[PDB]
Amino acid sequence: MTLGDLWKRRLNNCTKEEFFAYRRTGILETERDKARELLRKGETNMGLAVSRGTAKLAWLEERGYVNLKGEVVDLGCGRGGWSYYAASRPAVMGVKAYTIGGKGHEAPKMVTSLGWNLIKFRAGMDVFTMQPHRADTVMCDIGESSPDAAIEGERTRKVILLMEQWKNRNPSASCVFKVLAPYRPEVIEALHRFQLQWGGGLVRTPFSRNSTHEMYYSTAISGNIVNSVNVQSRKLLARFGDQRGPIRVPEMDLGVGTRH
């Protein structure tokens, strides 16, 4: 059993009050007061982020931890916060965004955020059985949380296997993907094998809530994986009992318009 496995059990052992107090303590949180209503008021001319995903990818890019360029695929695009972020980048030429949709799964939010015309959205698409195609940048933000850590590890393993498939098709592609449960031994094994072939490493974004162990893997960084995981597990376990709230920051606003 790992330190992260214990973090999960301690998380699930929280009372409701301890859970609410823990989940957002000390994390960055974008201010979505305007964004949120605009989206369900059906306003489509808006460049405010369609989800909390946009600020996470932006942070990775602005830190120099991901290379977004050329033809991008967004695997599991959901509402599309990563797709819109990618489309707004000048080095990005196009975005092919795929998501399953249906019951309990977000469909793409349709807005005129800068570069929207470079995105081809395909809902109803299962990326795990999709044939990989040409891509310069492969992104995947898939990983549904479960109170069962063994289910989280299996969900995570599936993402890593998917990224191996896309790398087999595109050995030179830049990759960035969610690693929902990096503390599971079966995940560590698959990540170490990924890293030995393709390089890369793991990083924690400051917007992730403490109720998730999610870390992001990218071929543009490096670092011992077990150390990265254990450092994060210790930091998560140290926040139990912390009273500070979240730190509110402005939401990303990419502006509106086409890119040609």
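The term rigid core refers to the most C-alpha atoms you can superpose between the two forms while keeping them within 1.5 Å. Note that residue numbering begins at 1 and tracks the sequence as displayed.
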Between 115 to 123 and 95 to 103, which has its CA atoms farther from the current form in 8 other deposited structures of this protein, using a rigid core superposition? 95 to 103
With the rigid core as the fit reference, the stretch showing the greater C-alpha departure in 8 other deposited structures of this protein, 140 to 148 or 105 to 113, is 105 to 113
Check the entry's C-alpha temperature factors for 234 to 242 and 17 to 25, then say which stretch has the higher mean. 234 to 242
Between 187 to 195 and 36 to 44, which has the larger average Cα B-factor in the PDB entry? 36 to 44
Among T156, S83, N168, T137, the highest C-alpha B-factor in the PDB entry belongs to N168
Chain third (lowest, middle, highest) by recorded CA B-factor, residue given as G201: lowest
Position of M93 among the chain's modelled residues by C-alpha B-factor, lowest, middle or highest third: highest
Taking the chain's C-alpha temperature factors as the reference, tell me which third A123 falls into: lowest, middle or highest. middle
Going by what the PDB entry lists, where does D141 fall on CA B-factor within its chain: lowest, middle or highest third? lowest
Should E31 be placed in the lowest, middle or highest third of its chain by the C-alpha B factor in the entry? highest
